[PDB]
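Trainee: Dropping the structure in here first, questions after.
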Amino acid sequence: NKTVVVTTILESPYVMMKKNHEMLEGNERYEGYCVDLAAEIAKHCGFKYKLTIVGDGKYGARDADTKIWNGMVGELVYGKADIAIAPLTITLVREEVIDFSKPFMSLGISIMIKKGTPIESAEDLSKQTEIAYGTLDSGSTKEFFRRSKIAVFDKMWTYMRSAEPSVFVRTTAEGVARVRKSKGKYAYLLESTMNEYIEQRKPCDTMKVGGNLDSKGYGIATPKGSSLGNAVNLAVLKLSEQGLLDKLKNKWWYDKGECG
Amino acid sequence: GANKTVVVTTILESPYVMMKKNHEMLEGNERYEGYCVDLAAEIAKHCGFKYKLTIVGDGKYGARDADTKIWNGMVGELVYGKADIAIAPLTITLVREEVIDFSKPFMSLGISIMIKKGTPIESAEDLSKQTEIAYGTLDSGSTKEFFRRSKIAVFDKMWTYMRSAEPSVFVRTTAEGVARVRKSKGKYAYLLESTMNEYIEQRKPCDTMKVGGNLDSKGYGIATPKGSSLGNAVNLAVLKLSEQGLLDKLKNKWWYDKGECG
Ligand SMILES: O=C(c1ccc(-n2nc(C(F)(F)F)c3c2CCCC3)cc1)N1CCCC1
Ligand SMILES: N[C@@H](CCC(=O)O)C(=O)O
Ligand SMILES: N[C@@H](CCC(=O)O)C(=O)O
Ligand SMILES: [Zn+2]
Ligand SMILES: [Zn+2]
């Protein structure tokens, strides 16, 4: 009976540092959707755990030259952590090297603009140059554009891969800050979950425009063949059926909304 | 062993699997059309197998009898070795997951409310509070079970009503429920998955609609018998087809491109 090392990532409102965190220790420093979900998963599977924030601050991508994985994915693949409880997107390239539970949350890539920016769709972003746009580094959104053979998205990638200065950001907070200070000349492509949360926070100057560009899910990840996987998957399905996932989403998005 | 034809269990449920107009003069898989017919072809291509579509004998999705403990429906067909895979609008649930394997979901849905247009109902809450408008579910599936197991006040209360209502508010098929919404002049509302509600909303005579939010959020998965050698490849195939755009193209094809109500 070992303490399970949980890798996760600081990403609002999934895992955030509490306001008084420097006077707090271990798991108690953090709050958020995935902090509550970790507690619930651990209860139903019956383990003790330690939240650890991923060292390199990344979700996970595979370097094309070395084939080495970074981020939470790489922590699971190289045996640093036992489980990933995070907004980690289920993808085919990841599923090849790690296991995922059934999804605990739905999402899709979406567009974030500063309010009043004259963009309504991906198609709109793609037909112009005045408004720059990009995605997070080392995540599933960047890859979706990398891999897309849909004309509008292919054309969006061609611009993004070569744009100068770089349109890509290391963190969601960086991308969001860029939107907010670019006076409508930078739009950010990010997952609808993160977009809708931000929209409901002060200074209330961003919005999600248009529909989602895809539809997919976050799952709880474990190293390939790990013994936790079966229990974690049953636990996710249980929490889904009890209504707890829905309770948590409302708690962290809509109950803590501050743009009325 | 040498490669066997994969027996696929599915269910006649529009627009997932339907009989082609001219089915009597065709053979085998060519008799059927729809979303799950198209999806089966693709899953099979990408996993490298031959398959035979078969409609489940009892016309049911799958539930376990409380007394006999026997699983019926598509789930029965996989549990008892009569099929190798189910490709259908079969909901991923915990009880099912304990006896069969599911791929990651291929399509997202939630329980929702179907009314005849002009029915004075806007929510589950509305339905729970009142009595002139009867409501029920498909008599053997994930939706009925959702209500039988829910701890949420409005839904417990809905169940308490539905289980004891007479005449029965439960129906044998989705088509029966829709026919009942349509014939009951606003006095019956039907609780069914959003996907099916959304489809019917786009069909002549265009007299129904989905109202309110969805009551839950889940998915349909491709099912295999627990531990089957297909599970892995089918799962990777679902993910590839999601990431390429195929699932979205198929939903658009079968729901919206062929809609009859604008
Ligand atoms: O409401 C959902 C839900 C259901 C299904 C999905 N997922 N997840 C995936 C994928 F596995 F990521 F690819 C796909 C879908 C639907 C679209 C096809 C691919 C996403 C979210 N839940 C909330 C709690 C349980 C699942
Ligand atoms: N959820 C993403 C990170 C955010 C994004 O890529 O937009 C991932 O698992 O890689
Ligand atoms: N998709 C459901 C059947 C339809 C319903 O229950 O509303 C099942 O797998 O049981
Ligand atoms: Zn619990
Ligand atoms: Zn490199």
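We did not get these values from a lab; they are worked out from the coordinates using the rules stated. A quick note on method: Cβ atoms are made from the backbone with ideal geometry, for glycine too, and the neighbour counts reach across all protein chains shown.
Trainee: Please identify, among B:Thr68, B:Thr54, B:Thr174, the residue showing maximal mean-square fluctuation in a Gaussian network model of chain B using a 10 angstrom Cα cutoff.
Mentor: Highest fluctuation of the listed residues: B:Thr68.
Trainee: Once you measure Cβ to Cβ distances between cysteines in the protein assembly as shown, which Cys have no partner under 4.7 Å?
Mentor: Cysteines of the protein assembly as shown left without a disulfide-compatible partner: A:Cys34, A:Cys45, B:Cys36, B:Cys47.
Trainee: For the pair B:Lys82 and B:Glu27, what calculated FRET efficiency results from E = 1/(1 + (r/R0)^6), where r is the Cβ-Cβ distance and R0 = 22 Å, to the nearest 0.05?
Mentor: Values: r = 21 Å, r/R0 = 0.97.
So, using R0 = 22 Å, E works out to roughly 0.55.
Trainee: Could you tell me the distance between the Cα centroids of the range B:94-108 and the range A:102-135, to the nearest Å?
Mentor: The distance from the Cα centre of the range B:94-108 to that of the range A:102-135 comes to 32 Å.
Trainee: Something else now. Taking only the alpha carbons of chain B, what extent do you get along each of the three principal axes, in Å, biggest first?
Mentor: 60, 45, 36
Trainee: Once the piece of chain linking A:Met17 and A:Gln128 is laid out straight, how much longer is it, given 0.36 nm per residue of separation minus the C-alpha distance between them? Walk me through the numbers before you get to the answer.
Mentor: Working: separation 111, 0.36 × 111 = 39.96 nm, distance 3.88 nm.
Going from the current span to full extension adds 36.1 nm.
Trainee: While we're here: How large is the translational diffusion coefficient of the range A:204-260 in µm² per second when you combine the Kirkwood radius over alpha carbon pairs with Stokes-Einstein at 37 °C and 0.692 mPa s?
Mentor: Working: Rh = 14.5 Å.
It comes out at roughly 226 µm²/s.
Trainee: Would you please name the GluC sites (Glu not before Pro) within the range A:19-109 that are DSSP coil residues with at most 15 other C-beta atoms within 10 Å of their C-beta? Don't jump to the answer; show the numbers that get you there.
Mentor: Working: sites: A:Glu22, A:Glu25, A:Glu28, A:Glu31, A:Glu40, A:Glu75, A:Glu95, A:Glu96; in loops: A:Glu25, A:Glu96.
Passing both the DSSP loop test and the Cβ count: A:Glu25, A:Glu96.
Trainee: How crowded by other chains is A:92-99, given as the mean number of beta carbons from other chains within 10 Å of each beta carbon? Spell out each step's value before the answer.
Mentor: Values: counts 11, 2, 1, 7, 2, 0, 0, 0.
Neighbouring Cβ atoms belonging to other protein chains average 3 per residue here.
Trainee: With no solvent and one equal point scatterer placed on each C-alpha of the range B:1-156, evaluate the Debye formula and give log10 I(q)/I(0) for q = 0.17, 0.20, 0.21 Å⁻¹, two decimals.
Mentor: One equal scatterer on each Cα of the range B:1-156 leads to -1.09, -1.32, -1.39.
Trainee: Counting each pair of different Cα atoms once, what's the Kirkwood radius of the protein assembly as shown in Å, rounded to one decimal? Walk me through the intermediate numbers first.
Mentor: On the way: mean 1/r = 0.0406 Å⁻¹.
Over the protein assembly as shown, the inverse of the mean reciprocal pair distance is 24.6 Å.
Trainee: Need one number: nm distance between label points at A:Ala177 and A:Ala231, each 7 Å from Cα along Cα→Cβ, rounded to one decimal.
Mentor: Computed distance between label sites A:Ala177 and A:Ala231 equals 4.0 nm.
Trainee: Output the DSSP H helices from chain A with an along-axis C-alpha extent of no less than 20 Å and a mean Kyte-Doolittle hydropathy no less than -1.0. Could the numbers behind the result be given before it?
Mentor: On the way: long enough: A:228-242 (21 Å, 0.54).
Answer set is A:228-242.
Trainee: Counting only GluC sites (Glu not before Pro) that are in a DSSP loop and have at most 15 other C-beta atoms within 10 Å, tell me the longest site-free stretch of chain B. Display every interim value, and only then the final one.
Mentor: Working: sites that count: B:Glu27, B:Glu98, B:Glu122, B:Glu132, B:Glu260.
The segment B:133-259 is the longest one with no such site.
Trainee: Reachable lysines from B:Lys117, Cα under 19 Å, same-chain residues fewer than 8 places away excluded?
Mentor: Cα-Cα hits under 19 Å: B:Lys183, B:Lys185, B:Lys187, B:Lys204, B:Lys210.
Trainee: Oh, and also: Quick one: if the Förster radius is 22 Å, what FRET efficiency do A:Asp56 and A:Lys224 give, using the C-beta to C-beta distance and rounding to 0.05?
Mentor: Details: r = 21 Å, r/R0 = 0.94.
About 0.60, to the nearest 0.05.
Trainee: So for the pair A:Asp246, B:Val154, with labels modelled 7 Å out along Cα→Cβ, what separation do we get in nm?
Mentor: For A:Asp246 paired with B:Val154, the spin-label model returns 0.8 nm.
Trainee: Pairs A:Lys50/B:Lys240; B:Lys226/B:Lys258; A:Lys247/B:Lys144: which are spaced more than 28 Å apart, C-alpha to C-alpha? Present the calculation step by step, with values, prior to reporting the outcome.
Mentor: On the way: A:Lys50/B:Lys240 34 Å; B:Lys226/B:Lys258 37 Å; A:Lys247/B:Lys144 22 Å.
Those over the limit are A:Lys50/B:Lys240; B:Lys226/B:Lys258.
Trainee: Using Cα-only point scatterers and the Debye equation, what is log10 of I(q)/I(0) for the range B:110-218 at each q in 0.10 Å⁻¹, rounded to two decimals?
Mentor: Debye intensities relative to I(0), on a log10 scale: -0.23.
Trainee: Taking the inverse of the average 1/r across all pairs of different Cα atoms in the range A:159-260, what Kirkwood radius in Å do you get? Walk me through the numbers before you get to the answer.
Mentor: Values: mean 1/r = 0.0603 Å⁻¹.
Across the range A:159-260, the inverse of the average 1/r is 16.6 Å.
Trainee: Mind giving me the nanometre distance, one decimal, between the label points for B:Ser184 and B:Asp67, set 7 Å out from Cα along Cα→Cβ?
Mentor: Going from the B:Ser184 label point to the B:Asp67 one covers 2.7 nm.
Trainee: If you don't mind, another one. I'd like the chymotrypsin sites (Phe, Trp or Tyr not before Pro) in the range B:59-151 restricted to DSSP loop residues with at most 16 other Cβ atoms within 10 Å, sorted by number. If you can, show how the numbers build up before the last one.
Mentor: On the way: sites: B:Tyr61, B:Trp71, B:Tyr80, B:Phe102, B:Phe106, B:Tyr135, B:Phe146, B:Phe147; in loops: B:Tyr61, B:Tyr80, B:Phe106.
Sparse-neighbourhood loop chymotrypsin sites (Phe, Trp or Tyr not before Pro): B:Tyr80.
Trainee: Go ahead and set up a Gaussian network model of chain B, Cα springs under 10 Å, then flag whichever of B:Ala41, B:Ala153, B:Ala237 fluctuates most.
Mentor: B:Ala153
Trainee: Further question on the same structure: The range A:1-48: D in µm²/s via Stokes-Einstein (Kirkwood Rh, Cα pairs, 4 °C, 1.567 mPa s)?
Mentor: Answer, rounded: 113 µm²/s.
Trainee: Return the calculated 222 nm mean residue ellipticity for the protein assembly as shown, to the nearest 500 deg cm²/dmol, obtained by summing -39500 (n - 2.57) across DSSP H runs with n ≥ 4 and dividing by the residue count. Don't jump to the answer; show the numbers that get you there.
Mentor: Numbers: 20 runs with 176 residues, N = 522.
After summing the helix terms and dividing by residue count, I get -9500 deg cm²/dmol.
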